[PDB]
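Student: If you read the sequences in order, they're chains P and E. All residue numbers for the first sequence refer to the entry's author numbering, where the first residue is 25 and numbers rise by one. All residue numbers for the second sequence refer to the entry's author numbering, where the first residue is 25 and numbers rise by one.
There are 2 protein chains.
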Amino acid sequence: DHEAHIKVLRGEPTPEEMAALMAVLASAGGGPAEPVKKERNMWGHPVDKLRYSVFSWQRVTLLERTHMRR
Amino acid sequence: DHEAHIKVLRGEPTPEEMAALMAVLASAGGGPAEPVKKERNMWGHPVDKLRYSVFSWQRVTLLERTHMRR
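#1: Please go through the same chain and pick out, in chain order, the residues whose beta-carbon is closer than 6 Å to the beta-carbon of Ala47 of chain E, but skip the five residues on each side of it.
#2: Would you check if the distance between the CB atom of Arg89 of chain P and the CB atom of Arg64 of chain P is smaller than 9 Å?
#3: Does the CB of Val48 of chain P have a neighbour CB from chain E at under 9 Å?
#4: Which residues of chain P have a Cβ atom closer than 8 Å to the Cβ of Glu88 of chain E, listed in chain order?
#5: If I follow the unbroken alpha helix (DSSP H) through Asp72 of chain P, where does it start and stop?
#6: Are there 16 or more other CB atoms within 10 angstroms of the CB of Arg83 of chain E, so buried, or fewer, so exposed?
#7: What number of angstroms, rounded off, separates the C-alpha of residue 17 of chain P from the C-alpha of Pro70 of chain P?
#8: For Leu49 of chain P versus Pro37 of chain P, is the C-beta spacing smaller than 9 Å?
#9: May I ask you to list, following chain order, the residues of the segment 50–76 of chain P that have a beta carbon less than 7 Å from some beta carbon of chain E?
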C-alpha cells in the first residue's frame, strides 16, 4: 500500500461529518483524470513555419526532434 | 615555356603550306572563346524538388552540399 491518502491531521469528525466531507470533496474532484483522448496532429506546427538556414543546426535539434519525438 | 605546341611529326611544309594549314586550323578552332562564367542561379534546382524524410542523411550530403558548394 503506497498510495497517498487523505489525512485528517486535526479534528475527529463523526461518521456523518466524514460522509458529508467526502461527498463534497468528491463532487469537487477535478473531473476526468487526464485528457487521454488527446491525439497527435502535427499539421501546421509552428516549427515548420520558421525559416532555417540550409546549414542550420536547428534543423537537427529543433525541427527534426519536434517531428520525431513521440 | 611549358605550353603544349602543335607538332608536325611527319612532312616538311613550305611556308605557304604552313600558312594555309594554320589559317584553316585557326578557323576551325572555335566555341568557348574567352572563359566567360555561367552565372549561378539555383532557382528550381532538382534537389529542392525531392521529398526527404525528416531524418534523411541526404539532407546533409545532397541537399545542403548542393546549395552550399561554390
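We treat Cβ as the ideally placed atom computed from N, Cα and C, and that holds for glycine.
Tutor: Reading off the structure:
#1: So no residue of the chain qualifies.
#2: In this structure, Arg64 of chain P does not lie closer than 9 Å to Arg89 of chain P by Cβ.
#3: Taking 9 Å as the threshold, the shortest C-beta distance from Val48 of chain P to chain E does not fall below it.
#4: Per Cβ cutoff of 8 Å: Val78 and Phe79.
#5: Element bounds for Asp72 of chain P: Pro70 to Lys73.
#6: So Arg83 of chain E ends up on the buried side.
#7: Not covered by the structure: residue 17 of chain P. The range shown for chain P is 25 to 94.
#8: No, Cβ-Cβ distance for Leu49 of chain P and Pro37 of chain P is not below 9 Å.
#9: Those would be none; no residue qualifies.
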